[PDB]
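For reference, the structure discussed in these notes is given below.
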Amino acid sequence: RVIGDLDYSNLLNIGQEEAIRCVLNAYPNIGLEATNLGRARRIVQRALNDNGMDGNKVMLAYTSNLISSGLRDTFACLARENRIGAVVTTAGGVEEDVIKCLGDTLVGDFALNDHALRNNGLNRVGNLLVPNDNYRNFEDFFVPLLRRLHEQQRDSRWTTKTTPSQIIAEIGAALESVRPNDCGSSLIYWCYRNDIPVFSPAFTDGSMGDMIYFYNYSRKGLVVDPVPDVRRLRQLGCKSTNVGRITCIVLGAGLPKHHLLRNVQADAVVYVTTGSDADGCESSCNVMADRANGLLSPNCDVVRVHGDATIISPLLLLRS
Amino acid sequence: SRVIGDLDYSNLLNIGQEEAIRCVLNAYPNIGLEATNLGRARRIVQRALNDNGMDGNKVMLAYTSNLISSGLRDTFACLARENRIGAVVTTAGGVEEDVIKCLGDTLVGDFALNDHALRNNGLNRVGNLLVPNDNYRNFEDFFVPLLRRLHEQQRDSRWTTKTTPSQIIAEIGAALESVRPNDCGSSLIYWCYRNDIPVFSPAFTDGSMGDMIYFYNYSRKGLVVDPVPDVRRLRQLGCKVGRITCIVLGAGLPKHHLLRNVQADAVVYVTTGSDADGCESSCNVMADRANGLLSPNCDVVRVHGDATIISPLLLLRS
Amino acid sequence: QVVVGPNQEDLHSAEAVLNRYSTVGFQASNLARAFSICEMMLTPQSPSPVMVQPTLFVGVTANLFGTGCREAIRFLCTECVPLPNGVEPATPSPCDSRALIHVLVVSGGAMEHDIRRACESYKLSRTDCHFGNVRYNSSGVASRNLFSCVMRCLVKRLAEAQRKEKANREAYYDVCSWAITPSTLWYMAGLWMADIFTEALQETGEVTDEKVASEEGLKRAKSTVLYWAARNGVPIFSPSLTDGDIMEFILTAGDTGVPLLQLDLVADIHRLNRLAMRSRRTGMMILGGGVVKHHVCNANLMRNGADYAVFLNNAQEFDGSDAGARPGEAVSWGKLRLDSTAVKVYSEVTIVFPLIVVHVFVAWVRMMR
Amino acid sequence: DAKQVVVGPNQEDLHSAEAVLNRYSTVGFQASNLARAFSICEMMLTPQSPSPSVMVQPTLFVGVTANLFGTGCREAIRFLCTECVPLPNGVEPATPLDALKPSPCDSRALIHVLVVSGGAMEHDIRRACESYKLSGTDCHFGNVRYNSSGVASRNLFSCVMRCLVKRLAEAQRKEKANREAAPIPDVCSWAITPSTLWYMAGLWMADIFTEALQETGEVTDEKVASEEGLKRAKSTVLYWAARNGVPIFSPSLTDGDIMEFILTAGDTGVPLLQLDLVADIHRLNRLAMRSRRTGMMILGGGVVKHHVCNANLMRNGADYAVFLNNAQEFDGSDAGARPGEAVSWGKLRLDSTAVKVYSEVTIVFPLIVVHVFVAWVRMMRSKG
Ligand SMILES: NC(=O)c1ccc[n+]([C@@H]2O[C@H](COP(=O)([O-])OP(=O)(O)OC[C@H]3O[C@@H](n4cnc5c(N)ncnc54)[C@H](O)[C@@H]3O)[C@@H](O)[C@H]2O)c1
Ligand SMILES: NC(=O)c1ccc[n+]([C@@H]2O[C@H](COP(=O)([O-])OP(=O)(O)OC[C@H]3O[C@@H](n4cnc5c(N)ncnc54)[C@H](O)[C@@H]3O)[C@@H](O)[C@H]2O)c1
Ligand SMILES: NC(=O)c1ccc[n+]([C@@H]2O[C@H](COP(=O)([O-])OP(=O)(O)OC[C@H]3O[C@@H](n4cnc5c(N)ncnc54)[C@H](O)[C@@H]3O)[C@@H](O)[C@H]2O)c1
Ligand SMILES: NC(=O)c1ccc[n+]([C@@H]2O[C@H](COP(=O)([O-])OP(=O)(O)OC[C@H]3O[C@@H](n4cnc5c(N)ncnc54)[C@H](O)[C@@H]3O)[C@@H](O)[C@H]2O)c1
Ligand code: NA
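Protein chains in written order, with the UniProt record's numbering: chain A, 9 to 328; chain B, 8 to 247, 251 to 328; chain C, 24 to 72, 87 to 128, 146 to 180, 204 to 247, 254 to 452; chain D, 21 to 73, 87 to 131, 143 to 179, 203 to 252, 257 to 455.
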């Protein structure tokens, strides 16, 4: 509860690896939004270790643009090790994870001329670039799976695989069959093998909706129903057991944050957002305003760190 | 009151267009969120600019340097011309480019303009605005002589009369009336001199004026800028029938210097910074009360947004 | 041009002030450009590279229906101007929009705020829920409050109508017809808004008289954006409907034995991406960001870009999001054309959006009338 | 058109912070901007050739906003002023070297000149007199709280920064009396400038702490009040700033907590202290103009960000720059300005390399110093 004083000169004799940790360990006492990072790190680290498979659960909510960045490889390590219990992300959070098995995302610059990027077939994601050929290959991978799912839903009275959870789970299965080499580097694949449900209620908002629109223009049938995913996400977020320590890691606050914390009863929450309270939105993570709306319980441990999750999340997920 | 309203926009089709825009600006206090703050701020600013005239009360304006690079400089000039402002608190660029825009014009551009080409074409960028280098070449012709006079005036008095930015800025407006008698009518500093409105700038050398001083001192050393008596001054003007309203458009050195030394009964914030910065510019109402910038009984409203859109709606006359 | 701001003379009329925003720097010039681009969306002209009037896709943030923007969006759905004789419109939820706007994409919880503001009143600061300095009261899911009764009648009406079509139909002519799509759900809600309020006003006990309840129900129903959206026929798309307050009623209405409703998102993306594909000149006004912004831009992607765009939000570019993206980032994907004119107004919506509606939209429908 | 691939922290490099920070280059968004900030800082510490218009050690212009001395960045800035690695073989200082003793501009440390806002160095002094608590009325500057007692209180802080004002007032009176007895030449020599005020402050911090520790009665023995005073006075950056000789410029000093003591010390009858701002910009803009390659690292924005780049404007541009604020560009301010807006004026040069890390300081600046700065003196010391 007090700001510390670190002798940086004392780091010259200790090892360089431990030196960088000596500061990151002191982050809870540095001040301002490093304290909130240090508090968030203590919550995330203890949750990723204790809440593996002991009546406890860890649920990850990330925005779509953060698996366009390199964090998707870090997120994959979490689901690969069965540390995550559930995933909540907008449609793009599922798409580009499968995309980056069919191609590479490149680093660019915010200053790049977007008109020239169009004439050069480059889709800009902030300071990143996704070539159009990546989505041309995604069409080759996804539109067959849509035809498989249509036949599967049609001959089953439209009630066997209608929700995004089952669809995303079979996306990892189809990624295991089609591309057995690169599938090990995708978050959706490990969520299929480790049996981690992925939730994306706004499913058609993205490239997947475009693939569905192209397929549904000739074969009108394939449908999606996201309301059972709400009952499903609520089923996984029910601590009547009273021996549940259920932590929610929300990296980037969009539809993931609300859809997760509204249906899941979390004992510990970590916000990594950038929006400001002046927006008056369900993204500008306001701790006490979320408590008033039922997103945070009055007895819930919660911390909010303000900054780009590209800088925050690696320091939070850094294993000690 | 204290409830969100419901405005039949279709009812504006029959009323006049001017009255229609005003009818909506009048319903801003109950539209919601950071437009309610605009409506509350407008009622404070309007009633202040009307009452705080010559009846015993005071209105003090604090604006940032970029806001006079924009068009608001002419709006501010109307406030000081009418003797509605009691005191002005700018950083340092609020005095420079106000005098500059009598010796030349600022132009509109775009944030996307290539800055390397702007440099090679002698165009200084202020966000989406442009100030040609010729403007500062003329300011060198205007200001360097004024420092030459002030240096003699300080030395003959042994640094007792013209040491503070207040007296310097006051004679800057006087020099602007003498040198350029035509274009001085649009300058804020000119009216602050004629109507006797003190202008405060404790960080005076941070800007083009400091560079002009740097050239002048490199030949004749001796000039002195002593800004600590301006603090005793600004405090004496804020020490309290006694209704002191403070209009702070944009935060920084304008905000702190005003609200730290002046005890205001009404304060209006128009800022963009976020509380996560942990700085003064992030106008936090309760935190500023904790530091003595605002009294706990002070009426205050904070608008979050670009003052370029807010200030005209707050100053628009009734 | 020269930088000039509100003068001595033109500080006495709001028109000249809003007109001089063009010569005032920073975000007033962006707002003045937003003024012009909106008027360009309203000017009948030739299709993209036989004059047409552009079809306007407007996307709204959910919480923005809690504030006074609900009043202005209602105006965009209410008033309608007949198209001139020599201009053609660029051509279950219908798509026949005779109004200023033609498509409405809203976030989850938006129409729930639209419903809830005709039942009670939203309070401001200086159990009750918060979204900024505004406060509303979301009562229990199975409460006696007026909002809960309206939303229960809605869910019950939808469930009973879904069963009828299910029992009715119990390759290319084999669709899941009993599934209800977000555009149809809010459309039918607008049709039923009159009768649902009259029935809920009785079940709550506020007015037991059938006559007064019928008249008061219509008055409260006419205030919602859903009513005029259904009356004039603008489709209200919402792929994020699954994350709104309405799901609290849809889920527990299934806790009494009856199965949950069955949503469909493929019907929405088809109708939306087809209204944009078959369009010939399109406009785009996005209030805020998030799901609504990407959904409208992605719809116009099927038309190799949109022509006009105005983004009113307060989001930043450094986080690399589709909410804080620059207008440029749209043309790289192809969601915004090359021969386009767009602008982003970096400011809170509640400050800039009322000005826009009153300054061009109210004035344009008066020029044409 | 060469392009790198987007890869983030792997399975095998989440066990070492060195490889996490190294891979920040290929993660994306603003961690790549931090990766540049790592590199440009490493260039600022590398002995390079003169300005592209004989190797030199670039002069580093560091800029700090006031409230950051309340948080842990005070510890990192102190490191920048404390450690003194000598110049190698065949390298000159980028700036060829030229009572109220003025500020020496011969910096033997990692940074060479330090510009701050008003109220900054006040936070440093009051953080050896007290201890900041996280979330005599308590003040708030965000997540942190401190105690602000009366101007004439018996708080250790109030005692320190009155003996400082009294020492300055009596020293200014001495210089005024000596130039009164002398014939008129002609500069105003009794006026103290912010650089001298903070320089003579850091010189006096030891004795002032030993005196204030006694006047407050916290320790009654002199030999261990003298020892405790120096120990407290070795924690401030003012001490290492004066010792190693990095000047502390501050044009906004008039807007600090010092003025509460300057004015109250003048309410007894004696006149106020007389400040001069032309002497600071002359020294600052000449330290920059005379240099041959200049580095720039500013924390936050405001008066401090514009003052250092204006100093480099006299030099037709600075060579290196790292901006670390969370300001946005739409308001068109000299805080939220892009690095490009600097090169349009000529503050940053055309043949440059810079980066802006759009994120708060406390997250990034401790990482900056511990990844290159401490590592770069470990390189220059352990290898040999
Ligand atoms: N540009 C993309 O990344 C992309 C790609 C594919 C699909 N989409 C679609 O765009 C829609 C909206 O995207 P979204 O909901 O996933 O997020 P978003 O783009 O809507 O971001 C909105 C909020 O998330 C937070 N945020 C965003 N980026 C952040 C960051 N780098 N660090 C910290 N916080 C951050 C901010 O608070 C922001 O206000 C989605 O439905 C998605 O399907 C976007
Ligand atoms: N009644 C409800 O249950 C309810 C209400 C609101 C949101 N939600 C849920 O939260 C999810 C995310 O909410 P969202 O779709 O509104 O996006 P968001 O709240 O995550 O933020 C969207 C972006 O648009 C901008 N923005 C948002 N509101 C603004 C405003 N009033 N003024 C200016 N700019 C603004 C912000 O920069 C923000 O980054 C939604 O998909 C929804 O599911 C539910
Ligand atoms: N001791 C005091 O009473 C005190 C404290 C602070 C400031 N002030 C006065 O206010 C004036 C201006 O205030 P300032 O210079 O401290 O900052 P500021 O209020 O002028 O804002 C500077 C900009 O830099 C950025 N910034 C500021 N702090 C940041 C942080 N911790 N992390 C990331 N970005 C940050 C923000 O975008 C901010 O808008 C100063 O001249 C000073 O005199 C006084
Ligand atoms: N901008 C210029 O053209 C110029 C000219 C000469 C000197 N200077 C010097 O640059 C230094 C910084 O200038 P400053 O006074 O603008 O401080 P600043 O630019 O650092 O102010 C930044 C903070 O003020 C607020 N702000 C900024 N612009 C705003 C706007 N348009 N609307 C609402 N709020 C806004 C925000 O909270 C922001 O975080 C000063 O010391 C000044 O002497 C600037
Ligand atoms: Na403070």
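Every residue gets a Cβ at the ideal spot worked out from N, C-alpha and C, and that includes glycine.
Taking its Cβ as the centre, do 16 or more other Cβ atoms sit within 10 Å of residue i, making it buried, or is it exposed?
| i | result |
| --- | --- |
| B/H266 | buried |
| C/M451 | exposed |
| D/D150 | exposed |
| B/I179 | buried |
| A/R156 | exposed |
| D/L130 | exposed |
| D/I251 | exposed |
| D/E293 | exposed |
| C/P148 | exposed |
| D/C380 | buried |
| C/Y270 | buried |
Verify the contact flag: residue i, CB atom, against every heavy atom of ligand 3, threshold strictly below 8 Å.
| i | result |
| --- | --- |
| D/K427 | no |
| D/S225 | no |
| D/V375 | yes |
Answer yes or no: the CB of residue i versus the heavy atoms of ligand 4, is any distance below 8 Å?
| i | result |
| --- | --- |
| A/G315 | no |
| B/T281 | yes |
| B/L40 | no |
So is the beta-carbon of residue i under 8 Å away from any non-hydrogen atom of ligand 1?
| i | result |
| --- | --- |
| B/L326 | no |
| B/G180 | no |
| A/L259 | yes |
| D/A283 | no |
State the beta-bridge partners of residue i as determined by DSSP.
| i | result |
| --- | --- |
| A/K65 | A/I254 |
| C/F94 | C/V157, C/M367 |
| C/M88 | C/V124 |
| C/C206 | C/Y213 |
| B/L130 | B/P139 |
| A/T281 | A/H314 |
| C/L419 | C/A389 |
| A/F207 | A/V96 |
| D/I319 | D/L158 |
At a threshold of 8 Å, does residue i count as lining ligand 2 (C-beta to nearest heavy atom)?
| i | result |
| --- | --- |
| C/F208 | yes |
If I'm right that residue i touches residue j with Cβ under 8 Å, what's the distance once you round it to whole angstroms?
| i | j | result |
| --- | --- | --- |
| A/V258 | A/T170 | Not a contact, Cβ separation roughly 27 Å. |
| D/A57 | D/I369 | Actually they are not in contact, since the Cβ atoms of D/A57 and D/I369 sit about 12 Å apart, beyond 8 Å. |
| C/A425 | C/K376 | Not quite, the Cβ-Cβ distance comes to about 13 Å (not below 8 Å), so this is no contact. |
| D/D205 | B/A300 | 7 Å |
Given 8 Å as the limit, tell me if residue i has its C-beta closer than that to any heavy atom belonging to ligand 5.
| i | result |
| --- | --- |
| B/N294 | no |
| D/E331 | no |
| D/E174 | no |
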